[PDB]
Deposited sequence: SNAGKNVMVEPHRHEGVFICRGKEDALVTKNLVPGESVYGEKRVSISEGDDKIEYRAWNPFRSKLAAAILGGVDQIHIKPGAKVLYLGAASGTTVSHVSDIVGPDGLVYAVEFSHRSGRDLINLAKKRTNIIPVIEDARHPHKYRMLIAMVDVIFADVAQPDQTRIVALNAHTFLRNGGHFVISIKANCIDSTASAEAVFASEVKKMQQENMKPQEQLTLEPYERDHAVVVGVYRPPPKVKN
């Protein structure tokens, strides 16, 4: 009997509980359940991924087509907070991948630094994502930008980081809480405005979705970055 199967997305597993392979067996990050499966000499541990805490988990359970975060990927994560979702991104990309965890709160930054002591593939970048010139010497070109900064100017922030760091043909995944971007606009008006702005920066959405029943008026937009020469 197989208990934990690979998900459609490489590096994600499904146990309906979503889980990732724990890069640091024995350690939990935010109190999540861990499931360790031993058979003979083999052993693998997974970590439960809470879709009421992690917008990316809610999107995956909501049926997103691609997430682009995969084993070996280099990810620029904007708005890393204390590392809840970053820890699962770190699990997915694995030892040969890389996650830059950009977060400007020093309080949250201390949690990220402690998390990255055990995870070799996390670089805490405790800086303001509006000013990538201050950290551009730390960020090698990346494959994916994941953004969840919950700011009215999030699209401009993401575009500036994309134009600096994202490879041609790389991808983006942007989390959008409508009332964090413009609380006097309707969710549809916010999401349409943000999609429009992305397209103008050669961030072409390939999929957009909302996150019910985990979150209300909260979208995830996934797409590809195809800038001019």
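Numbering the deposited sequence from 1, one finds several regions with no C-alpha coordinates, namely 1-5, 21-24, 239-242.
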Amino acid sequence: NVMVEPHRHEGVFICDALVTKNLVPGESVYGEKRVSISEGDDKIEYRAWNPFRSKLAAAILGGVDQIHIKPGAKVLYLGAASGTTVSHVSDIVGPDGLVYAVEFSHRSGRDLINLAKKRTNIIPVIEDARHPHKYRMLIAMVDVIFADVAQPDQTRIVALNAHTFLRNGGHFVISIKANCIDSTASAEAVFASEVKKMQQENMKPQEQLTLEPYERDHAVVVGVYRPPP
From here on, numbers count along this sequence of modelled residues.
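Between two forms, the rigid core is defined as the largest C-alpha subset superposing within 1.5 Å.
Averaged as a root mean square over residues and superposed structures in 8 other deposited structures of this protein, CA distances to the shown form are larger in 196-204; the pair compared was 57-65 and 196-204 with a core fit.
Farther from the shown form on average, by C-alpha root mean square after a core fit in 8 other deposited structures of this protein, is 181-189, of the stretches 181-189 and 160-168. Among other compared entries that model residues flanking residue 10, every one gives it coordinates, keeping it clear of the one-third cutoff. Mean C-alpha B-factor is higher over 132-140 than over the other stretch, the pair under comparison being 74-82 and 132-140. Set 167-175 against 47-55 and average the Cα temperature factors; 47-55 ends up higher. Among the modelled residues of the chain, residue 201 sits in the middle third by CA temperature factor in this PDB entry. Ranked by Cα temperature factor within the chain, residue 190 sits in the lowest third according to the deposited record. When the modelled residues of the chain are ordered by their C-alpha B factor, residue 218 lands in the lowest third.
Sort the modelled residues of the chain by CA B factor and residue 17 lands in the highest third. Ranked within its chain, residue 109 lands in the middle third, by CA B factor from the PDB record.
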